[PDB]
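Shown here is one chain on its own, the form deposited in one PDB entry, set out as structure tokens.
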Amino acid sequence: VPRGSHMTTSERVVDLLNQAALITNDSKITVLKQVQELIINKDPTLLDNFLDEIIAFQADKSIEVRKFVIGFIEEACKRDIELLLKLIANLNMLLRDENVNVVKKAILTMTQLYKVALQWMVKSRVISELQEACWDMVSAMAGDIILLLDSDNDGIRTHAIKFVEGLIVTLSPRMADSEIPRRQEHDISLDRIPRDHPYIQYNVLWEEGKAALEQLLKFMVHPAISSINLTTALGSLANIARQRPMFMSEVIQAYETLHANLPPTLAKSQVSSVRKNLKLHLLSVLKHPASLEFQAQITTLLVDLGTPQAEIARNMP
């Protein structure tokens, strides 16, 4: 940026915003991403001042522009979670976009923001009626995504499964045998929530995580479940069993059920694709220290699927 060193950041943001206004194609995203860097990272004190100007692009006709806005909402809220107070309506409206790729993007962002909102609620010294209303909105959007398991669109359903998976994990406690991904080491989980919190009720969240698991387990035995959604659900259960091994029993049971009752609507190559992923995920759960308790059952299913005795041993301890 020539003479970039003589500009105030604010001026440069204003110039860039008027520049983006001028650009009639997707290259406006490059400019808008520069604005994002300036107001979220370089000088976060400008974030509030320029929020409405970036959020205005939520009405852009371009798919890629609307997706950028969702990504911007995501970063803005991670920078200053209080911004969720004024951005949760916008996020939920983007969840309801006419375009499925924009909707899927909103699902992925909620998978990130739900846990951030919950931590904010947990940590807060005091909670305004507005913040309470914000959590109600977040929670209701989470419920809406759970209902997207019943969408008629395969891609939407795959994304809903991943959101549901993340929720089940957030709403259950880490334990001694939990295998936690490095990126997620600091994520809130149930055990981190004081039992005597003024607003967020531990026991309610527990029952919500359990009911989310139950919905996922029900979804999996739906007679018309698609090849992709079933393989997604199988992977999600393996991640859940590994991160939250108190559910390992339910996960193994679901694998046994599927193995005995393949949905009959899968085409031949889809059956093969699914069976290959059942084996893969059984092997994965076998490797986890907490599978000691289910080892005879996992072994039996793996032999059934045509897994050589030698391959099983490789995945043992």
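One rule holds for the numbers: they count along the sequence shown, beginning at 1. Rigid core: the largest C-alpha set superposing within 1.5 Å between the two forms.
Annotation for 249-257 versus 31-39: the higher mean temperature factor (C-alpha) is found in 31-39.
Looking at 273-281 and 288-296 together, the entry lists the larger mean B-factor for 288-296, computed on C-alpha atoms.
Within the listed group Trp135, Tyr202, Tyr114, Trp120, the record reports its top CA B-factor for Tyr202. Looking at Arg244, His197, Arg96, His159, the one whose CA carries the top B-factor in the deposited record is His197.
Among all modelled residues in this chain, the alpha-carbon of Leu237 has a temperature factor (C-alpha) in the lowest third. Residue-level temperature factors show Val126 in the highest third of its chain, judged at the C-alpha atom.
For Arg79, the recorded CA B-factor ranks within the highest third of the chain. Only modelled residues enter the ranking. Sort the modelled residues of the chain by CA B factor and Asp150 lands in the middle third.
When the modelled residues of the chain are ordered by their C-alpha B factor, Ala212 lands in the lowest third.
Although it is not shown, the form deposited in another entry is what the next lines describe.
The Cα position of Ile252 differs by less than 2 Å between the shown form and the other one after fitting on the rigid core. The two forms, fitted on the rigid core, differ between the shown form and the other one by 2 Å or more at the CA of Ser273. In the other form, the CA atoms of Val251 and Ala267 draw together by 3 angstroms or more relative to this form.
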